[PDB]
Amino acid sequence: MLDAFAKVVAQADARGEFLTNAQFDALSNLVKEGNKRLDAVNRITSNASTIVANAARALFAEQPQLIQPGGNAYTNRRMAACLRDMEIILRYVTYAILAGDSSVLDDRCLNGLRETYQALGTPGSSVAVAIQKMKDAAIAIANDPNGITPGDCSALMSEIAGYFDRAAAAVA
């Protein structure tokens, strides 16, 4: 896979050029902003269970049809399955948060994800909803001002949102 740094090296090698000052400046602000990234992962990761849990409730709350007799989330096997997917997605997102790149999310998680669900009959749109909801939930946690040294997390949250959105856009 690729991380923020390996990504830039990739782009340089492809032109057989050394990194430009602007590129060096980018990779050095990432490192500087390091600690903040670590808190995000550690935070999202630590609350994964509740993050998923609540999103599910929200989802079935707006879309009761999924938990009718036969909707796709009907029955514990299928319901269990949906819960697993929300976690699989989440887990990959955190991987992306730490890498500073979405390659790992795109490659191991999002690709062909749209076809898979289609074949199964599973409604992508809804999955996207469940993602859009974990997003708000996860960003509330990561960016919570309590218990953390004050500072600007905007850049990062924006990026974290990028990833989630990227995912919802890959299954809707």
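So that there is no doubt, residue numbering starts at 1 and follows the sequence shown. Note that the rigid core is defined as the largest set of C-alphas that superpose within 1.5 Å between two forms.
When the other structures are laid on the shown form by the rigid core, the stretch among 23-31 and 109-117 with the greater C-alpha deviation in 6 other deposited structures of this protein turns out to be 23-31. The rigid core fit leaves 12-20 as the farther-lying stretch in 6 other deposited structures of this protein, judged by Cα positions and set against 146-154 and 12-20. Stretch comparison (53-61 versus 114-122) by mean CA B-factor in the PDB entry places 114-122 on top.
Of the two stretches examined, 26-34 and 130-138, the record assigns the greater average C-alpha temperature factor to 26-34. Ranked against the other modelled residues of its chain, the C-alpha B-factor of residue 6 as given in the entry falls in the middle third. Ranked against the other modelled residues of its chain, the C-alpha B-factor of residue 77 as given in the entry falls in the highest third. Remark: residue 66 belongs to the highest third of its chain, ranked by C-alpha B-factor as recorded. In the deposited entry, the Cα temperature factor of residue 109 places it in the highest third of its chain's modelled residues. Sorting the modelled residues of the chain by their CA temperature factor places residue 172 in the highest third.
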